[PDB]
>>> print(open('start-v9.txt').read())   # compact mmCIF, C-alpha atoms and all ligand atoms
# COMPACT_ATOMS: atom_id res chain seq x y z
CA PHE A 176 -9.21 -17.04 9.97
CA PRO A 177 -6.77 -15.61 12.58
CA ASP A 178 -6.35 -11.89 13.30
CA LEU A 179 -3.06 -10.85 11.73
CA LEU A 180 -1.64 -7.97 13.79
CA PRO A 181 -0.98 -7.30 17.49
CA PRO A 182 -3.06 -4.48 19.00
CA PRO A 183 -1.76 -0.97 18.24
CA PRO A 184 1.29 0.15 20.26
CA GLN A 189 1.58 4.76 17.95
CA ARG A 190 0.31 6.42 14.76
CA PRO A 191 -3.20 7.80 14.10
CA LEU A 192 -3.62 5.83 10.86
CA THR A 193 -2.56 2.55 9.27
CA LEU A 194 -1.33 2.44 5.68
CA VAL A 195 -1.49 -1.00 4.04
CA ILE A 196 0.48 -1.01 0.81
CA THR A 197 1.12 -3.72 -1.71
CA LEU A 198 4.66 -4.57 -2.75
CA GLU A 199 4.48 -5.93 -6.28
CA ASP A 200 3.94 -3.37 -9.06
CA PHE A 201 3.72 -0.54 -6.56
CA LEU A 202 7.11 -0.23 -4.81
CA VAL A 203 8.96 -2.77 -6.98
CA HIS A 204 8.56 -4.62 -10.26
CA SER A 205 9.98 -8.01 -11.21
CA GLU A 206 10.67 -9.57 -14.61
CA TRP A 207 12.14 -12.95 -15.54
CA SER A 208 14.76 -13.68 -18.19
CA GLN A 209 16.70 -16.72 -19.37
CA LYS A 210 19.97 -14.83 -19.00
CA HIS A 211 19.39 -13.49 -15.46
CA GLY A 212 16.40 -15.25 -13.93
CA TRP A 213 14.21 -13.01 -11.77
CA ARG A 214 15.30 -9.37 -11.51
CA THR A 215 13.53 -6.69 -9.47
CA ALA A 216 13.56 -2.90 -9.82
CA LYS A 217 12.66 -0.37 -7.14
CA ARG A 218 10.32 2.49 -8.08
CA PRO A 219 11.62 6.06 -7.85
CA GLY A 220 10.72 7.58 -4.49
CA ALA A 221 10.11 4.23 -2.75
CA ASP A 222 12.64 4.67 0.07
CA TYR A 223 11.48 8.25 0.64
CA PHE A 224 7.81 7.23 0.50
CA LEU A 225 8.30 4.61 3.25
CA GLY A 226 10.69 6.69 5.33
CA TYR A 227 8.63 9.88 5.31
CA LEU A 228 5.14 8.40 5.61
CA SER A 229 6.20 6.15 8.51
CA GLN A 230 6.22 9.36 10.58
CA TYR A 231 2.46 9.66 10.05
CA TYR A 232 1.29 6.07 9.48
CA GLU A 233 1.78 2.59 10.79
CA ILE A 234 2.94 0.96 7.58
CA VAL A 235 1.99 -2.59 6.71
CA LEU A 236 3.71 -3.94 3.61
CA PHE A 237 1.30 -6.55 2.28
CA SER A 238 2.91 -8.63 -0.49
CA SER A 239 0.76 -10.43 -3.03
CA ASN A 240 3.29 -13.25 -3.35
CA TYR A 241 4.12 -16.17 -1.08
CA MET A 242 6.76 -15.45 1.58
CA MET A 243 9.30 -17.79 -0.02
CA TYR A 244 9.30 -15.60 -3.13
CA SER A 245 9.08 -12.03 -1.83
CA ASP A 246 10.39 -12.08 1.75
CA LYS A 247 13.88 -10.87 0.78
CA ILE A 248 12.59 -8.24 -1.64
CA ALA A 249 10.43 -6.80 1.16
CA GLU A 250 13.38 -6.84 3.56
CA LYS A 251 15.64 -4.93 1.10
CA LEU A 252 13.13 -2.08 1.18
CA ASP A 253 13.74 -1.59 4.87
CA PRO A 254 16.90 -3.55 5.78
CA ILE A 255 17.31 -1.99 9.21
CA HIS A 256 13.56 -2.32 9.86
CA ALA A 257 13.00 1.37 10.68
CA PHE A 258 9.90 2.22 8.64
CA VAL A 259 7.70 -0.82 7.91
CA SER A 260 5.85 -2.05 11.03
CA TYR A 261 4.65 -5.40 9.66
CA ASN A 262 5.20 -7.59 6.62
CA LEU A 263 2.35 -9.78 5.38
CA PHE A 264 2.24 -12.13 2.40
CA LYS A 265 -0.06 -14.22 0.24
CA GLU A 266 -0.31 -16.78 3.06
CA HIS A 267 -2.12 -14.06 5.04
CA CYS A 268 -4.74 -13.45 2.35
CA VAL A 269 -8.17 -15.02 2.69
CA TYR A 270 -9.43 -17.15 -0.19
CA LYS A 271 -12.98 -16.53 -1.33
CA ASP A 272 -14.82 -17.56 -4.50
CA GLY A 273 -11.50 -18.56 -6.04
CA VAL A 274 -9.62 -15.31 -5.40
CA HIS A 275 -7.15 -14.21 -2.73
CA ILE A 276 -8.11 -11.08 -0.81
CA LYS A 277 -6.34 -8.83 1.68
CA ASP A 278 -9.12 -8.81 4.28
CA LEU A 279 -8.57 -5.66 6.34
CA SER A 280 -11.04 -6.83 8.97
CA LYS A 281 -8.36 -9.36 9.99
CA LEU A 282 -5.83 -6.61 10.78
CA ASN A 283 -7.14 -5.92 14.27
CA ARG A 284 -7.45 -2.22 13.32
CA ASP A 285 -10.27 0.35 13.40
CA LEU A 286 -11.35 0.44 9.75
CA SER A 287 -12.15 4.15 9.95
CA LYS A 288 -8.38 4.57 10.24
CA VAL A 289 -7.02 2.25 7.55
CA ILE A 290 -6.09 2.90 3.92
CA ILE A 291 -5.11 0.16 1.49
CA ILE A 292 -3.18 0.93 -1.67
CA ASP A 293 -3.18 -1.88 -4.21
CA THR A 294 -2.91 -2.58 -7.94
CA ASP A 295 -5.25 -5.60 -8.10
CA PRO A 296 -8.94 -5.00 -7.51
CA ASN A 297 -9.24 -8.48 -5.99
CA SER A 298 -6.93 -7.52 -3.17
CA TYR A 299 -9.32 -4.95 -1.68
CA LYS A 300 -12.53 -6.76 -2.67
CA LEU A 301 -13.78 -6.95 0.94
CA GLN A 302 -13.10 -3.27 1.80
CA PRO A 303 -13.38 -1.25 -1.41
CA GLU A 304 -14.30 1.77 0.76
CA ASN A 305 -10.74 1.78 2.24
CA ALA A 306 -8.97 1.44 -1.10
CA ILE A 307 -6.78 3.59 -3.32
CA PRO A 308 -6.37 1.66 -6.56
CA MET A 309 -3.19 2.22 -8.56
CA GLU A 310 -2.37 1.32 -12.13
CA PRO A 311 0.31 -1.43 -11.95
CA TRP A 312 3.85 -0.13 -12.25
CA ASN A 313 5.70 -1.39 -15.35
CA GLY A 314 9.25 -0.58 -14.25
CA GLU A 315 9.54 2.71 -16.11
CA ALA A 316 10.86 5.53 -13.91
CA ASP A 317 7.94 7.73 -12.81
CA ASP A 318 7.01 10.03 -9.92
CA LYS A 319 3.62 8.56 -8.95
CA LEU A 320 4.75 7.56 -5.44
CA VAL A 321 6.02 11.06 -4.75
CA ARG A 322 2.75 12.51 -6.07
CA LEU A 323 0.72 10.38 -3.62
CA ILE A 324 2.42 11.87 -0.58
CA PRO A 325 0.53 15.17 -0.23
CA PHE A 326 -2.88 13.48 0.08
CA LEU A 327 -1.55 10.91 2.56
CA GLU A 328 0.17 13.66 4.57
CA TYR A 329 -3.08 15.67 4.47
CA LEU A 330 -5.18 12.79 5.87
CA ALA A 331 -2.74 12.37 8.75
CA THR A 332 -2.30 16.08 9.57
CA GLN A 333 -6.03 16.89 9.66
CA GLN A 334 -6.69 14.14 12.24
CA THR A 335 -8.27 12.28 10.51
CA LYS A 336 -11.25 10.72 12.35
CA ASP A 337 -12.57 8.59 9.47
CA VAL A 338 -10.59 8.47 6.21
CA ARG A 339 -13.40 6.90 4.21
CA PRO A 340 -15.67 9.91 3.47
CA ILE A 341 -12.72 11.82 2.02
CA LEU A 342 -11.21 8.86 0.21
CA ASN A 343 -14.52 8.15 -1.48
CA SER A 344 -15.27 11.80 -2.42
CA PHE A 345 -13.12 11.64 -5.57
CA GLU A 346 -14.36 11.26 -9.13
CA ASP A 347 -11.90 8.43 -9.79
CA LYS A 348 -9.69 7.10 -6.98
CA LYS A 349 -7.29 5.75 -9.60
CA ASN A 350 -6.54 9.43 -10.30
CA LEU A 351 -6.61 10.53 -6.67
CA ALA A 352 -3.31 12.40 -6.45
CA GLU A 353 -4.06 14.53 -9.50
CA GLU A 354 -7.65 15.27 -8.42
CA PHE A 355 -6.48 16.16 -4.92
CA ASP A 356 -3.91 18.54 -6.43
CA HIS A 357 -6.67 20.36 -8.34
CA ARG A 358 -8.85 20.51 -5.22
CA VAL A 359 -6.31 22.11 -2.93
CA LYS A 360 -4.20 25.26 -3.22
CA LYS A 361 -0.96 24.68 -1.28
CA CA A 401 -2.86 22.13 -5.93
CA CA A 402 0.51 20.91 -7.22
>>> encode(input="start-v9.txt", output="structure tokens", more="lines below")
Ligand SMILES: [Ca+2]
Ligand SMILES: [Ca+2]
Amino acid sequence: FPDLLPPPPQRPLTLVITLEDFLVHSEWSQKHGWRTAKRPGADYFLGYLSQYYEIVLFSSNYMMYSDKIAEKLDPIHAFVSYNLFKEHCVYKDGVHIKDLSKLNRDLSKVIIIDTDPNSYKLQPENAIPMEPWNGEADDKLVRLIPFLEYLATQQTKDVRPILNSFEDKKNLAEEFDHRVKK
């Protein structure tokens, strides 16, 4: 399998985020066909965090299906460094996986945020799992920012010891809030 990204150009950390059920959510109908909603805070999340992270938007769908959705999130291409798709996943024991060791990045400096435990199966130590977004307006993206800002503003040398210090990474933003007095 090919390496997927050029060598770093620069930001101290790389943030790999899934598209489907994290930034957007799609539903099909007879009346309208496929329709896609954008989560509250998505534009701000990408715009603000791009100042601290190299952002890689890693879609779980084939390019032909999600290419345009991804583009709408950053039409002028100012925030997202790279777009990857299902074609870039490796296929192992019948599941597709976002193999971070193919990103040509130091894995002490990579975070992946995904909603499908298969996607981070090869690097669970780099992962922040998220409950899939259902399309209902919520503030979960905004709540994730303080931890991500913290990682970037403290260095950080290796994100993994901190990431894996939580009781339940699915509840990371809330636990981090209780751990820190701003
Ligand atoms: Ca707090
Ligand atoms: Ca708080």
>>> residues_near_ligand(input="start-v9.txt", ligand="ligand CA 402 (chain A)", cutoff="12 Å", atoms="all atoms listed in the file", output="PyMOL selection string")
chain A and resi 321-326+352-361
>>> closest_residue(input="start-v9.txt", among="A:257, A:301, A:243, A:312", to="residue 222 of chain A", atoms="all atoms listed in the file")
A:257
>>> atom_distance(input="start-v9.txt", atom1="atom CA of residue 244 of chain A", atom2="atom CA of residue 182 of chain A")
27.7 Å
>>> residues_near_point(input="start-v9.txt", point="(-6.5, -10.8, -0.1)", cutoff="9 Å", atoms="only C-alpha atoms", output="ChimeraX atom specification")
/A:239,265,267-271,274-279,297-301
>>> residues_around(input="start-v9.txt", residues="residue 307 of chain A", least_positions_apart="5", cutoff="7 Å", atoms="all atoms listed in the file", output="PyMOL selection string")
chain A and resi 291-293+348-349
>>> atom_distance(input="start-v9.txt", atom1="atom CA of residue 284 of chain A", atom2="atom CA of residue 319 of chain A")
27.1 Å
>>> residues_around(input="start-v9.txt", residues="residue 287 of chain A", least_positions_apart="4", cutoff="7 Å", atoms="only C-alpha atoms", output="VMD selection string")
chain A and resid 337 to 339
>>> write_last_selection(input="start-v9.txt", atoms="C-alpha atoms", output="PDB file, keeping the file's coordinate frame")
ATOM      1  CA  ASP A 337     -12.570   8.590   9.470  1.00  0.00           C
ATOM      2  CA  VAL A 338     -10.590   8.470   6.210  1.00  0.00           C
ATOM      3  CA  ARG A 339     -13.400   6.900   4.210  1.00  0.00           C
TER       4      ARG A 339
END
>>> axis_aligned_box(input="start-v9.txt", around="segment 180-200 of chain A", padding_each_side="4 Å", output="JSON")
{"center_x": 0.5, "center_y": -0.1, "center_z": 5.6, "size_x": 16.3, "size_y": 23.8, "size_z": 37.3}
>>> closest_residue(input="start-v9.txt", among="A:343, A:318, A:304, A:281", to="residue 181 of chain A", atoms="only C-alpha atoms")
A:281
>>> residues_near_point(input="start-v9.txt", point="(8.5, -7.4, 5.3)", cutoff="8 Å", atoms="only C-alpha atoms", output="VMD selection string")
chain A and resid 236 to 237 246 to 247 249 to 250 253 259 261 to 263
>>> closest_residue(input="start-v9.txt", among="A:206, A:347, A:199, A:272", to="residue 308 of chain A", atoms="all atoms listed in the file")
A:347
>>> closest_residue(input="start-v9.txt", among="A:180, A:203, A:194, A:320", to="residue 231 of chain A", atoms="only C-alpha atoms")
A:194
>>> atom_distance(input="start-v9.txt", atom1="atom CA of residue 260 of chain A", atom2="atom CA of residue 315 of chain A")
27.8 Å
>>> closest_residue(input="start-v9.txt", among="A:289, A:179, A:341, A:225", to="residue 252 of chain A", atoms="only C-alpha atoms")
A:225
>>> build_atoms(input="start-v9.txt", residues="segment 245-264 of chain A", atoms="N, CA and C atoms", output="short mmCIF file (atom, residue, chain, number, x, y, z; two decimals), in the frame of the given file")
data_model
loop_
_atom_site.label_atom_id
_atom_site.label_comp_id
_atom_site.auth_asym_id
_atom_site.auth_seq_id
_atom_site.Cartn_x
_atom_site.Cartn_y
_atom_site.Cartn_z
N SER A 245 8.99 -13.49 -1.95
CA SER A 245 9.08 -12.03 -1.83
C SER A 245 9.62 -11.51 -0.50
N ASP A 246 9.87 -12.42 0.43
CA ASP A 246 10.39 -12.08 1.75
C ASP A 246 11.64 -11.20 1.69
N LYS A 247 12.60 -11.59 0.87
CA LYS A 247 13.88 -10.87 0.78
C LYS A 247 13.74 -9.53 0.05
N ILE A 248 12.86 -9.49 -0.94
CA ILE A 248 12.59 -8.24 -1.64
C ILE A 248 12.02 -7.23 -0.65
N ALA A 249 11.03 -7.66 0.13
CA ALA A 249 10.43 -6.80 1.16
C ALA A 249 11.47 -6.29 2.16
N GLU A 250 12.35 -7.19 2.59
CA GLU A 250 13.38 -6.84 3.56
C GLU A 250 14.36 -5.78 3.01
N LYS A 251 14.72 -5.89 1.73
CA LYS A 251 15.64 -4.93 1.10
C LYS A 251 15.08 -3.51 1.14
N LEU A 252 13.75 -3.40 1.20
CA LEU A 252 13.13 -2.08 1.18
C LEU A 252 13.30 -1.39 2.51
N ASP A 253 13.58 -2.16 3.55
CA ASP A 253 13.74 -1.59 4.87
C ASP A 253 14.65 -2.50 5.67
N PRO A 254 15.92 -2.59 5.25
CA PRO A 254 16.90 -3.55 5.78
C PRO A 254 17.09 -3.43 7.28
N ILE A 255 17.10 -2.20 7.79
CA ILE A 255 17.31 -1.99 9.21
C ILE A 255 15.99 -1.95 9.98
N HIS A 256 14.90 -2.20 9.26
CA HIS A 256 13.56 -2.32 9.86
C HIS A 256 13.06 -1.08 10.62
N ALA A 257 13.28 0.09 10.03
CA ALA A 257 13.00 1.37 10.68
C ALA A 257 11.66 2.00 10.29
N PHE A 258 11.06 1.53 9.20
CA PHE A 258 9.90 2.22 8.64
C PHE A 258 8.64 1.36 8.53
N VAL A 259 8.82 0.11 8.12
CA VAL A 259 7.70 -0.82 7.91
C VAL A 259 7.42 -1.55 9.21
N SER A 260 6.21 -1.38 9.76
CA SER A 260 5.85 -2.05 11.03
C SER A 260 5.65 -3.56 10.92
N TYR A 261 4.96 -3.98 9.86
CA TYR A 261 4.65 -5.40 9.66
C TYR A 261 4.77 -5.77 8.20
N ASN A 262 5.19 -7.01 7.96
CA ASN A 262 5.20 -7.59 6.62
C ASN A 262 4.20 -8.73 6.57
N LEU A 263 3.31 -8.70 5.58
CA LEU A 263 2.35 -9.78 5.38
C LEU A 263 2.50 -10.27 3.95
N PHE A 264 2.02 -11.48 3.69
CA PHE A 264 2.24 -12.13 2.40
C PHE A 264 1.01 -12.87 1.93
#
